[PDB]
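In the working numbering, the protein residues as written are 4 to 204.
Cβ coordinates follow ideal geometry from the N, Cα and C atoms, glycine included.
Worksheet: one structure, shown below.
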Ligand SMILES: CC[C@@H]1C[C@]1(NC(=O)[C@@H]1C[C@@H]2CN1C(=O)[C@H](C(C)(C)C)NC(=O)OCC(C)(C)CCCCc1cccc3c1CN(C3)C(=O)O2)C(=O)NS(=O)(=O)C1CC1
Ligand SMILES: [Zn+2]
């Protein structure tokens, strides 16, 4: 009820990227913790952005965001309704869908977008925040099985990251792990066709 002292949530901040440009996938950090905290408050991020898969953080969480068709997408369960920091200040979401666990902002200048997959292939690859490339067999519209199961710890913080086909097109956005006794045997994703439908609504 004390309106003048009510706080605002900070912006999502890009703090690094998963580099997939070469022969080796690796994580790069582009901003440290103090800079991230400051940038979340101001919403003003003048760092150069590159690549398709960004590592993003709020004050309380860190996860991934993936550019597809000129939109930087991530999970609602990480970003909520937050703005993203940008060179000219905070940028409001252009897509928000809590039912899909999906949000999106206009892709930052300097980023590159993945192309939506039209291959109809079921041999997929999940990219994690540690730049592991994990083979996943597609098992339905929104699920795929890990060829080698992992503790959920290994996948934590990778929501918002891509599932890719063999040619490196975007097939989906990772949202949840299918876990039993802490072991992830499968992953649940937002299919790229669902993003494409969201882009038409
Ligand atoms: C640990 C690596 C996981 C990727 C990850 N995500 C999660 O942790 C999501 C967040 C939350 C729970 N969850 C799970 O993965 C849980 C789990 C393992 C924690 C036990 N699994 C599950 O419920 O399976 C049940 C299943 C039926 C398969 C759900 C299907 C999806 C159904 C669904 C549909 C529509 C909307 C929503 C859902 C689920 N949803 C909203 C939602 O908010 O889920 C993460 O790394 N997050 S993160 O650390 O980056 C975080 C900072 C952002
Ligand atoms: Zn493809």
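Residue i versus residue j - alpha carbon distance
i           : j           : result
residue 162 : residue 7   : 35 Å
residue 29  : residue 52  : 16 Å
residue 84  : residue 109 : 14 Å
residue 44  : residue 65  : 16 Å
residue 149 : residue 138 : 6 Å
residue 188 : residue 27  : 25 Å
residue 15  : residue 47  : 11 Å
residue 196 : residue 118 : 12 Å
residue 135 : residue 22  : 11 Å
residue 70  : residue 96  : 14 Å
residue 169 : residue 130 : 13 Å
Buried versus exposed, by CB contacts within 10 Å (16 or more), residue i
i           : result
residue 82  : buried
residue 144 : exposed
residue 102 : exposed
residue 78  : buried
residue 63  : exposed
residue 42  : buried
residue 152 : exposed
residue 57  : buried
Per DSSP, the bridge partner or partners of residue i
i           : result
residue 2   : One cannot answer for residue 2 here, as it falls past the ends of the chain, which runs 4 to 204.
residue 126 : 140
residue 65  : 60
residue 30  : 21
residue 99  : 106
residue 181 : 189
residue 54  : 114
residue 47  : 89
Assigned secondary structure, residue i (DSSP; H/G/I helix, E/B strand, else coil)
i           : result
residue 24  : coil
residue 82  : helix
residue 149 : strand
residue 200 : helix
residue 114 : strand
residue 70  : strand
residue 88  : coil
residue 40  : helix
Closest Cα partner of residue i within the set the options
i           : options            : result
residue 94  : 160, 78, 111       : 111
residue 114 : 19, 171, 134       : 19
residue 127 : 59, 154, 172       : 172
residue 147 : 125, 134, 96       : 125
residue 116 : 50, 54, 185, 181   : 54
residue 182 : 136, 158, 49, 98   : 158
residue 192 : 176, 185, 131, 201 : 176
residue 142 : 200, 38, 160, 190  : 190
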